[PDB]
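Listed next as structure tokens is one chain, alone, in the form solved without the ligand.
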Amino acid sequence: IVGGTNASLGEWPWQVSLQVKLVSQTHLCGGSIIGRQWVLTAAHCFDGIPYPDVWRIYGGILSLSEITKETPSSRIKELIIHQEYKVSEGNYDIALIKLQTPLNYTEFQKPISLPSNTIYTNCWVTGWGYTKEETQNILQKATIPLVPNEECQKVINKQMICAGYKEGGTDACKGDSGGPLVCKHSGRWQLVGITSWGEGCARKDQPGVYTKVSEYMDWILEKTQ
């Protein structure tokens, strides 16, 4: 995350860190709790490392230093990458992770509501990725305005969402992929976007791109059975 302030604990209980830890761990990507045994994240996070048993998932934390031997992790029972996703492009950048053991929610770990079709205000982003360019131990926060896609074009499908100041200076960078773009409306927080890609980490006029969760609901419901 870049352009943004440090994270209160409990403020974003749905945020998880996906880590691989082959022999030792490493935070590679973010994700969102959406169900007791379900995390939503970006397909491209698993390009280099599609091996599910190697991944480890941590929620309800703020400082990655808190993770230790006696820190319960979640495991991937099943990794469901969209079938149209292809490594060479940013289309269909979405993935469901079915957890091995269903979580028991707390003050610090709870799900996000999926979007059920409007004009969002108060949209936010989070993550453990650097500002500018290394990895931060403490989760981060920045507020951002949606950019209409048709303007976003400066190929961007109906399945994408864009956000960013075109003055620039706040966006997400590596390690923030698969993390959530959320919005606060009808009094309720919703998960509107999944961070996917943008050229650079936004500088000046480069809005970031996000998978648009609402247009993948059929998919998500289909795959959760």
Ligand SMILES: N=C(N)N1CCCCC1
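Residues carry their position along the shown sequence, with the first being 1.
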Q) Taking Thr71 and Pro72 as adjacent modelled residues, how many residues of the deposited sequence between them have no coordinates (none, 1 to 3, 4 to 9, 10 or more)? A) none
Q.
Missing residues between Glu133 and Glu134 in the deposited sequence, please: none, 1 to 3, 4 to 9, or 10 or more.
A. 1 to 3
**Q.** Stretch with the higher entry mean CA B-factor, where the candidates are 46-54 and 164-172
**A.** 164-172
Q: Identify the stretch, either 1-9 or 214-222, whose C-alpha atoms have the larger mean B-factor according to the entry.
A: 1-9
Q) Going by the deposited entry, which of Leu40, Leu191, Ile156, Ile67 has the highest CA temperature factor? A) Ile67
Q. Which one, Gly179, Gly59, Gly35, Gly200, has the peak C-alpha temperature factor per the PDB entry?
A. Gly200
Q) Should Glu151 be placed in the lowest, middle or highest third of its chain by the C-alpha B factor in the entry? A) highest
Q.
Please place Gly129 in the lowest, middle or highest third of its chain according to the CA B-factor in the PDB entry.
A. highest
Q.
How does the C-alpha B factor of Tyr120 compare with the rest of the chain: lowest, middle or highest third?
A. highest
Q) Of the three thirds of its chain by CA temperature factor, lowest, middle or highest, which one includes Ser17? A) lowest
Q. Within this chain, which third does the Cα B-factor at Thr143 fall in: lowest, middle or highest?
A. middle
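Although not depicted, the form solved in complex with the ligand is the subject of the following passage.
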Q.
At 4.5 Å between heavy atoms, only one of the stretches 165-173, 48-56, 182-190, 25-33 reaches the ligand in the deposited complex; which one is it?
A. 165-173
Q: Please run the contact check for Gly60 against the ligand in the deposited complex: heavy atoms, 4.5 angstroms, yes or no?
A: no
Q) Could you tell me if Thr41 has a non-hydrogen atom within 4.5 Å of the ligand in the deposited complex? A) no
Q: Although the ligand is absent from this view, report whether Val20 comes within 4.5 Å of it in the deposited complex, heavy atoms only.
A: no
